[PDB]
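Coming up is one lone chain in C-alpha cells, specifically the form deposited in one PDB entry.
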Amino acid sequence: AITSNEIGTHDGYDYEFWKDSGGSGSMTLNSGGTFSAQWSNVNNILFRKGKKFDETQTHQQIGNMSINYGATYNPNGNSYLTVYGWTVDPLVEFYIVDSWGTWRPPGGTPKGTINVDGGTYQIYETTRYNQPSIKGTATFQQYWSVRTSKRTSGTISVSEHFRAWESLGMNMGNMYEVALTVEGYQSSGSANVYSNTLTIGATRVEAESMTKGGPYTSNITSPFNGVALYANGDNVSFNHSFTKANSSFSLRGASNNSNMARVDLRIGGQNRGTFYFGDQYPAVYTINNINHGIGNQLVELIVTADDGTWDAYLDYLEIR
C-alpha cells in the first residue's frame, strides 16, 4: 500500500496520495480507476485516481468528461467524496462534491445552482489567499458544486458543471487534472472506491430523466436504474429536435416477469411502433426506419396493452 506522498500512473489512471504532516494514511490501488483508502488523525489528506493533463488545453478542447463511480465511504470527521482537480492560467482548484462527513462544504453564499445527474448542486466561489497549490503558495480561486444531499454512486457529468460555472462568470483555465477523490480534514476514516470510470470524448436518453405521466409511473433501481410503467397510460416523454426525418430507436428494457411486455412509441402524438420485451432480463429492442419529420417533437413511451399480468421496465432510449 502507499503511505506517503506519491504521484504515478496505474492501469491507465493517474493516481496520487497527498498529505501534509500529522497522522497517517494508506492507499491501495486496484484495477482501472479504483482504489481503496484509509486514514487516521490527519490534518489534510487526498487520495485520487483520474487523469492529469499537460496544461495546454481548455476543457472544451479536451472534450466531454463524465465520471461513473461507486464508493463505500465511511468518514469519521470532516471529509469529502468529490470530483477534484485544477486548472492553470488561471489557477483554479475545483470540487464537485457528492458526499461528505460531518460538515457540508464550503461555507459562504451560493452563486447559483445546477440540476444535473438526478440531483441538485449549489455552486460556490471563494478566494484562497496564500495557500499551498500545485504551483506553490499562491492566491487563486476555488470553485465548488456541492450536492444538496449525500450520494455515493452514480454519474457525474463533469463538463456540465464546468459549463454552469462558466455561465456564472467563473472563468476556467487550462486543465491540469480531473479525478475522483477522497479528502479528509482533521479526521479519520476509510473508503473503497470500487468503481471509477473516467470517460473523455446516437443520443442516449435515460428513462429516469424523462417526464413521468400517468397514474403510477415510478423510478426503479432493479434490474437497472430506470422507470416502471405499470398501467395503461403510464408513460415517460421528453422533447427532442430531430434534424433528419428518418430514425432508428433502440429501447433497453424488460418485463417484470416472464410474460411479454409492450411499450408503444409515439412522436408528435402519432403512433409509430411498439417495443417488445419477452422476459425479465434486460434487452434492447430496436425499431428501424421511422419517418417522423423535422424539428422539436414530443417523444413518448407509453403502455396501452396492460392487463394486470406484467409491467414494463425501461432503462434508456437511443435515437439514431
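Only residues modelled in both forms are compared. Between two forms, the rigid core is the largest collection of C-alphas that superpose within 1.5 Å. Residue numbers run from 1 along the displayed sequence.
- Coordinates are lacking for 4 to 9 deposited residues between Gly201 and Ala202.
- On average the C-alpha atoms of 238 to 246 have higher B-factors than those of the other stretch, with 124 to 132 and 238 to 246 being the two compared.
- Of the two segments, 291 to 299 and 50 to 58, the one listed with the higher mean B-factor is 291 to 299 (C-alpha atoms only).
- The PDB entry assigns its highest CA temperature factor, among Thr139, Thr109, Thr197, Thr72, to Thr109.
- Highest C-alpha temperature factor among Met175, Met170, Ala228, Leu81, as the PDB entry reports it: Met170.
- In the deposited entry, the Cα temperature factor of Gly189 places it in the middle third of its chain's modelled residues.
- Ranked against the other modelled residues of its chain, the C-alpha B-factor of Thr309 as given in the entry falls in the middle third.
- Sort the modelled residues of the chain by CA B factor and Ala207 lands in the middle third.
- For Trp86, the recorded CA temperature factor ranks within the lowest third of the chain's modelled residues.
- When all modelled residues of the chain are sorted by CA temperature factor, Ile96 is found within the lowest third.
The protein also exists as the form deposited in another entry; that form is not presented, and the subsequent description refers to it.
- The residue that stands out in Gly295, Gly63, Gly70, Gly32 is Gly295, the single one whose Cα moves by 2 angstroms or more between the shown form and the other one on a rigid core fit.
- Core-superposed comparison between the shown form and the other one: the C-alpha position of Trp103 differs by less than 2 Å.
- After superposing the rigid core, the Cα of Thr120 is displaced by less than 2 Å between the shown form and the other one.
- With the core held fixed, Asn196 shows a CA shift below 2 Å between the shown form and the other one.
- Relative to the shown form, the Cα atoms of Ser157 and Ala228 move apart by 3 Å or more in the other form.
- Identified as moving between the shown form and the other one on the superposed core is the stretch 202 to 320 alone, made of at least three consecutive residues whose Cα atoms shift by 2 Å or more.
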